[PDB]
């Protein structure tokens, strides 16, 4: 229940909703609302993660150099994963526009499948980051 974990949980819950591609999700995917709201949740997660690492550094027991660089890489992966999710949802909005009003059912099937894989990567990187934070502490 760290602050950054709760922020990530809000990003994660929002994204689990987007994954359903329900009527209201689809509406908000063609405006900028889903990507704006996800970006705000991503920014909060990253801000809290940075502050948490900064506070952990106050209670630390060449090895330090390596672990700090490894932790930085794991944080950067989490942020890139969230950016990749947002970018795929921006791509969807453009794909829909290019259809000129034709059915988007196939685009939605493909988006759902790809989102599942992006979410798997985000979750595995979150778990790796949490493990490194626990061992850093």
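Positions refer to the first chain, counted from 1.
Enquirer: Going by the PDB record, how many residues of the deposited sequence fall between residue 103 and residue 104 without any coordinates: none, 1 to 3, 4 to 9, or 10 or more?
Expert: Missing residues, residue 103 to residue 104: none.
Enquirer: 62 to 70 versus 40 to 48: which one carries the higher mean Cα B factor per the record?
Expert: Higher of the two, by average CA B-factor, is 62 to 70.
Enquirer: Please compare 49 to 57 with 79 to 87 and name the stretch with the higher mean C-alpha B-factor in the deposited structure.
Expert: It is 49 to 57.
Enquirer: Where does the C-alpha B-factor of residue 125 rank in its chain, lowest, middle or highest third?
Expert: Residue 125: CA B-factor falls in the middle third of its chain.
Enquirer: Ranked by Cα temperature factor within the chain, is residue 33 in the lowest third, the middle third or the highest third?
Expert: According to the entry, residue 33 has a C-alpha B-factor in the chain's lowest third.
Enquirer: Using the B-factor values recorded in the entry, state whether the Cα atom of residue 8 falls in the lowest, middle or highest third among the modelled residues of its chain.
Expert: CA B-factor rank for residue 8: lowest third.
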